[PDB]
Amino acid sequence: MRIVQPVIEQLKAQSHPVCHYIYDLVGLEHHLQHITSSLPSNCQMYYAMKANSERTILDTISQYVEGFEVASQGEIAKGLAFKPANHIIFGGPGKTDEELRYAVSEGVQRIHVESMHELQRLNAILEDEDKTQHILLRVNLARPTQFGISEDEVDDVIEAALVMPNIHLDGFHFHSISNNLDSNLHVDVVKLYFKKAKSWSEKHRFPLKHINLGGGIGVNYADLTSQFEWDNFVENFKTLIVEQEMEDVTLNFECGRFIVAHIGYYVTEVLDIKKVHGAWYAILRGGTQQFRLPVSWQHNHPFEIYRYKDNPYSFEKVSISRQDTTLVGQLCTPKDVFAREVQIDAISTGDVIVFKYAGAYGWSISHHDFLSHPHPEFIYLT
């Protein structure tokens, strides 16, 4: 509450309705400084902007990271606002000819190639433009997903890439795991990546210049006090690099969620409180079309309650105490739920709900214009 309370107090004092994203840019800077300085000299941090690509966020982040990871022409353009093309890396399973030509034209650092067909399409553009391109091969190690090259197929794609004079094969890209909260398990996964990369390098005798170790550094939305043990991970990661003799290989991570989640808040006023067939609901300004994370992940999103002491109406507020309460937005769908049957100690109409850990995949994944509501306002604290 400490960070958002002065903002909420000022909005209330100015008779300004509360439906806002609030971002702590000071906390973001401190978090980034800590993460990036802890890394060994051969390892780089790229920000995966899919988590949050708001211009002010990218402006702030750009100083502290090696570059941006992007997955479309639009993200390339957003990244180029603050980084040279040579510090943008481009992944994704469906890169169009238009996107590939744009990437090559601008001079993107690496393309993370996901198939033989993509390699051939990229190569045709390079031959046409008379340019060269550094790539990684994205590997899907042995569940079935659409991403990367199936482990069994990687040898053939390596061989193809090596004989294409316009392609420079730097190494491999692994992004297998999502939202891992276990730092020791993460070290064991990186070890697997190292061994697979070295085995392919040794089999095909090409220099292992670079490995992209992906993201998947998790955030805990169920228990906010039990986050990824980054310092533990980094110490053991450093040891692993020495044990596996990877000091002369450049490494990068591509993190989104872990960089921006905890510095964002979605704050919204209570419009109505009602009981329907025994179940209590609180209806909030905005909705899950502005903050879809709880619906997408099917969880009760963490929040606190700002208890507002004044009353703008001549009739009493609606208040409840110590009820299972379902928090919903303004939308006309029963799917518009931030939290279902959660304990609320006290809540009244006019109070403000402060949703925490809203900085990553909050606004970015949301169906902003469903039902044509005005967008929330954005406040960036410096």
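We number the residues from 1 along the sequence you see.
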Zero if continuous, otherwise a range: how many residues of the deposited sequence are missing coordinates between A142 and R143 (none, 1 to 3, 4 to 9, 10 or more)? 10 or more
Taking the recorded C-alpha temperature factors, which stretch has the higher mean, 172 to 180 or 109 to 117? 172 to 180
Where do the C-alpha atoms have the higher mean temperature factor in this entry, in 33 to 41 or in 58 to 66? 33 to 41
Of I149, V234, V270, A85, which one's C-alpha B factor is largest in the deposited record? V234
Could you tell me which one of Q290, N252, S226, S72 shows the highest CA temperature factor in the PDB record? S226
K50's Cα B-factor: lowest, middle or highest third of the chain? lowest
Rank-wise, by C-alpha B-factor, drop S314 into the lowest, middle or highest third of its chain. highest
Temperature factor at the Cα of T326, chain-ranked in thirds, falls in the lowest
Quick check for you: using the entry's CA B-factors within this chain, is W230 in the lowest, middle or highest third? highest
For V342, return the chain-relative third of its C-alpha B-factor as stated in the PDB record: lowest, middle or highest. middle
